[PDB]
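Below, in structure tokens: the form deposited in one PDB entry, a single chain.
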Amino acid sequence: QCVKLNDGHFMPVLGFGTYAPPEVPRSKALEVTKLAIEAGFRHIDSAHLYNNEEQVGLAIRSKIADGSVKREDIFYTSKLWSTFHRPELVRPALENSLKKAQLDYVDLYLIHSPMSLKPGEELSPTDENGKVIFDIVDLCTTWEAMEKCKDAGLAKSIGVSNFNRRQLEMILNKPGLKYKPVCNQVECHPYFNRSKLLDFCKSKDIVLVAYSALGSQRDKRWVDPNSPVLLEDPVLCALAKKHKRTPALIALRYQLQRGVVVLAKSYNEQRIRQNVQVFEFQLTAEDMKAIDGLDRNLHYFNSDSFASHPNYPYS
């Protein structure tokens, strides 16, 4: 149920997604993270952006305090937001995340996105046209600051998120590189299966971690409502009926069988418990081929607000 990372640490292959939109009360993250741990999730995925680290941290601490788990059993991820790419801002951002969560270390700290944004108070500083205001930061310098965070023990492991192959290559080719990224957390599901990126990551012993593996929460800010709904896909439905599982379970199992670590967000008690059933069945080669056939280059995150950023990872 774990994969060995390229720095010798271990990552559970199923992770719990903690993002919920602002309209969902902050207190819910506390409740559902406890439910996730109770159901068997041990990998928990958060970020500064999600405005939930206090609640997620409290959930972890509560399950440690009542004896359900030990800290060493939990794999907790947070992420560096894009207004903190300048190297001097990296360690303070991580220290803030640790203070929020009331943890001594994170298991994993990621650069959330390659798209650097103007430093300041706003999460999303935008111009009068609605395009976020970019910053030019050499991400190799950001990476050196992340490495210093690992050396200080603030993060057990470091990685990246939303990097394309070229962007990942730039880090890997850095002169004097101390630590490779352990992972690249990216949008990955049957409509956008990232086969070429997956092959590249495998070739470099970098784990691909899939987000929006169940087709995203379809947030109106970023996602076209016309886009096909992943879990309504007829092929996934047919496979669910064949196996007497659910389309969600088929989508998660697909990723595990490709060697991809998979996240799953649910704030519903029944679905949280359902999602751990991914370890209870297998897909055949013909099933996997059928799912591979769904690939359509559909990144659900698809907005003008970021598509004009100089470091936008999609072509």
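For every residue, the number given is its place in the sequence shown, counted from 1. Rigid core (definition): largest C-alpha set, two forms, superposition within 1.5 Å.
Comparing 126-134 with 220-228, the stretch with the higher mean C-alpha B-factor in the PDB entry is 126-134. Taking the mean C-alpha B-factor of each stretch as recorded, 115-123 and 201-209 are not equal, and the higher mean is that of 115-123. The PDB entry assigns the greatest CA B-factor among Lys28, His43, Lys289, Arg253 to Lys28. Note on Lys63, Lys265, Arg258, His48: the highest value goes to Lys63, judged by CA B factor as recorded. In the PDB entry, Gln270 places in the highest third of its chain by CA B-factor. Split the chain's modelled residues into thirds by C-alpha temperature factor. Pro247 is in the lowest one.
Residue-level temperature factors show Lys79 in the lowest third of its chain, judged at the C-alpha atom. Compared with the other modelled residues of the chain, the Cα B-factor recorded for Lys99 ranks in the middle third.
Split the chain's modelled residues into thirds by C-alpha temperature factor. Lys174 is in the highest one.
In what follows, reference is made to the form deposited in another entry, a form of this protein that is not presented.
Measuring CA movement between the shown form and the other one with the rigid core aligned, the set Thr126, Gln102, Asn173, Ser203 has one residue at 2 Å or more: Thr126.
Positional change of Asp304 between the shown form and the other one reaches 2 Å or more at the C-alpha, relative to the superposed core. Between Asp304 and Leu198, the Cα distance is smaller in the other entry than in this structure, by no less than 3 angstroms. Note: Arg166-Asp304 Cα separation is 3 Å or more shorter in the other entry than here.
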